[PDB]
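Enquirer: Handing you a structure now.
Laboratory data are not the source of any read-out in this text; all were calculated from the coordinates shown. Quick reminder, even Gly has a Cβ in these numbers, built from the backbone with ideal geometry, and neighbours come from all protein chains shown.
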Amino acid sequence: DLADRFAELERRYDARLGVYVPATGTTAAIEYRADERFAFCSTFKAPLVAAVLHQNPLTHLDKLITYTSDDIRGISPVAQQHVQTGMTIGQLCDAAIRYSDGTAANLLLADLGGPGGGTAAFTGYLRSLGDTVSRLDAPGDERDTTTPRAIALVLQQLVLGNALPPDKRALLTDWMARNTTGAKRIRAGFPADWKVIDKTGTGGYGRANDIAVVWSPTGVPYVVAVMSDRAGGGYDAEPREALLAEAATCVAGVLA
């Protein structure tokens, strides 16, 4: 009957929706198109930060990166302000997550190094976490795609599991906790007394994603990955944040 609710959302919003909530001691898994591929959009920036954290000592965060106008990618709300001054790796991580800053992500990819401007490094990092599905590359094409299951299991490991040592884990978690882009997505579907940390993605073809870790009022954590597109409507199909909020509401109803 929950499957029917998500299918109803697909009909109303004229969209493809993907959900995955890993099973825990207290709840069953929630899965809907959990093994179909969706575009990462900017959701890749959360594991990107994890990769950079994982492969470097903590002192690396203090490395100043200088860059030019030619390195600017997308809106870059933070990096647009620091062409003259540069930004530390830690500032870039912050901006990449909290503002989905595209220049920051570009530079963190470069910091990983390797072929494809760091995309091979990124993908290889995911492989190390047991994700054999996702890929980041240099509408239906498989480039730059993940699955709701794949990304949710990655996020679980990063935030709640032991993929990262405690100090690095806490940095990633805090940046996600202070995200500025996610108020109308998973956050909007969960009651106020639930804690939410998250990272968004948005694109053409009506693409809208949100990956989150939520905590019940009792302090019990769950991982929620919601992904959507409207590729049938072409490049100019509007992304629907409300779809993600309503999917999130269904999830919150199960977890309550």
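Enquirer: With respect to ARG149, determine if the residue is more than 18 Å from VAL49 (Cβ to Cβ) and in a helix (DSSP H, G or I).
Expert: Spelling it out, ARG149 is indeed more than 18 Å from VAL49 (Cβ to Cβ) and in a helix (DSSP H, G or I).
Enquirer: Can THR123 be described as touching an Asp or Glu at 6+ places or on another chain (Cβ under 9 Å), assigned to a helix (DSSP H, G or I) and surrounded by fewer than 22 Cβ atoms within 10 Å (Cβ to Cβ)?
Expert: So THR123 passes the test.
Enquirer: Right, another one. For region 13-26, does any single residue satisfy the condition of being of a type in the set (D, E, K, R), exposed (fewer than 15 other Cβ atoms within 10 Å of the Cβ) and not in a strand (DSSP E or B)?
Expert: Within region 13-26 (the criterion being of a type in the set (D, E, K, R), exposed (fewer than 15 other Cβ atoms within 10 Å of the Cβ) and not in a strand (DSSP E or B)), the answer is yes, since at least one residue qualifies.
Enquirer: Still on this structure, please answer the following. Just need a number here: residues in region 64-108 that are not in a loop (DSSP other than H, G, I, E, B) and not β-branched (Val, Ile, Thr).
Expert: Qualifying residue count for the region: 22.
Enquirer: With (1) over 29 Å from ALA120 (Cα atoms); (2) in contact with a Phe, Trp or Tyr (Cβ under 9 Å, 6 or more places away or on another chain); (3) not aliphatic (A, V, I, L, M) as the list, and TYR13 as the residue in question, which single condition is left unmet?
Expert: With respect to (1) over 29 Å from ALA120 (Cα atoms); (2) in contact with a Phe, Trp or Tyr (Cβ under 9 Å, 6 or more places away or on another chain); (3) not aliphatic (A, V, I, L, M), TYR13 is out only on (2).
Enquirer: Given (1) surrounded by fewer than 18 Cβ atoms within 10 Å (Cβ to Cβ); (2) out of contact with any helix residue (DSSP H, G or I) (no Cβ under 6 Å at 6 or more places or on another chain), where does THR181 come up short, assuming only one miss?
Expert: With (1) surrounded by fewer than 18 Cβ atoms within 10 Å (Cβ to Cβ); (2) out of contact with any helix residue (DSSP H, G or I) (no Cβ under 6 Å at 6 or more places or on another chain) applied to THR181, the lone miss is (1).
Enquirer: Still on this structure: Among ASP141, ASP137, which is the only one that is of a type in the set (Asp, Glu) and out of contact with any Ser or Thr (no Cβ under 7 Å at 6 or more places or on another chain)?
Expert: It is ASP141.
Enquirer: Condition (residue is closer than 27 Å to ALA150 by Cα, touching a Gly at 6+ places or on another chain (Cβ under 7 Å), surrounded by fewer than 22 Cβ atoms within 10 Å (Cβ to Cβ) and not aliphatic (A, V, I, L, M)) applied to region 54-73: is it met by at least one residue?
Expert: Within region 54-73, one or more residues are closer than 27 Å to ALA150 by Cα, touching a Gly at 6+ places or on another chain (Cβ under 7 Å), surrounded by fewer than 22 Cβ atoms within 10 Å (Cβ to Cβ) and not aliphatic (A, V, I, L, M).
Enquirer: From the list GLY253, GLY219, which residue is in a loop (DSSP other than H, G, I, E, B) and surrounded by fewer than 16 Cβ atoms within 10 Å (Cβ to Cβ)?
Expert: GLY219
Enquirer: Scan region 38-46 and tell me whether some residue there is in a helix (DSSP H, G or I) and touching a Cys at 6+ places or on another chain (Cβ under 8 Å).
Expert: no
Enquirer: Restricting attention to region 27-80, report how many residues are over 21 Å from the mean Cα position of the chain (by Cα) and among the basic types (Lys, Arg).
Expert: Result for region 27-80: 1.
Enquirer: Here's a follow-up. If you go through region 185-192 one residue at a time, do you hit one that is more than 21 Å from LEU129 (Cα to Cα), over 16 Å from the mean Cα position of the chain (by Cα) and surrounded by fewer than 17 Cβ atoms within 10 Å (Cβ to Cβ)?
Expert: Within region 185-192, one or more residues are more than 21 Å from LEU129 (Cα to Cα), over 16 Å from the mean Cα position of the chain (by Cα) and surrounded by fewer than 17 Cβ atoms within 10 Å (Cβ to Cβ).
Enquirer: Condition test on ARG127, is it touching a strand residue (DSSP E or B) at 6+ places or on another chain (Cβ under 8 Å) and more than 18 Å from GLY203 (Cβ to Cβ)?
Expert: Spelling it out, it is not the case that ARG127 is touching a strand residue (DSSP E or B) at 6+ places or on another chain (Cβ under 8 Å) and more than 18 Å from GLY203 (Cβ to Cβ).
Enquirer: State the number of residues belonging to region 98-120 that are under 16 Å from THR88 (Cα atoms) and surrounded by fewer than 23 Cβ atoms within 10 Å (Cβ to Cβ).
Expert: Residues flagged as under 16 Å from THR88 (Cα atoms) and surrounded by fewer than 23 Cβ atoms within 10 Å (Cβ to Cβ) within region 98-120 amount to 7.
Enquirer: Yes or no: region 27-47 includes at least one residue that is touching a helix residue (DSSP H, G or I) at 6+ places or on another chain (Cβ under 8 Å), of a type in the set (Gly, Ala, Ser) and buried (at least 22 other Cβ atoms within 10 Å of the Cβ).
Expert: There is at least one residue in region 27-47 that is touching a helix residue (DSSP H, G or I) at 6+ places or on another chain (Cβ under 8 Å), of a type in the set (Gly, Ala, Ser) and buried (at least 22 other Cβ atoms within 10 Å of the Cβ).
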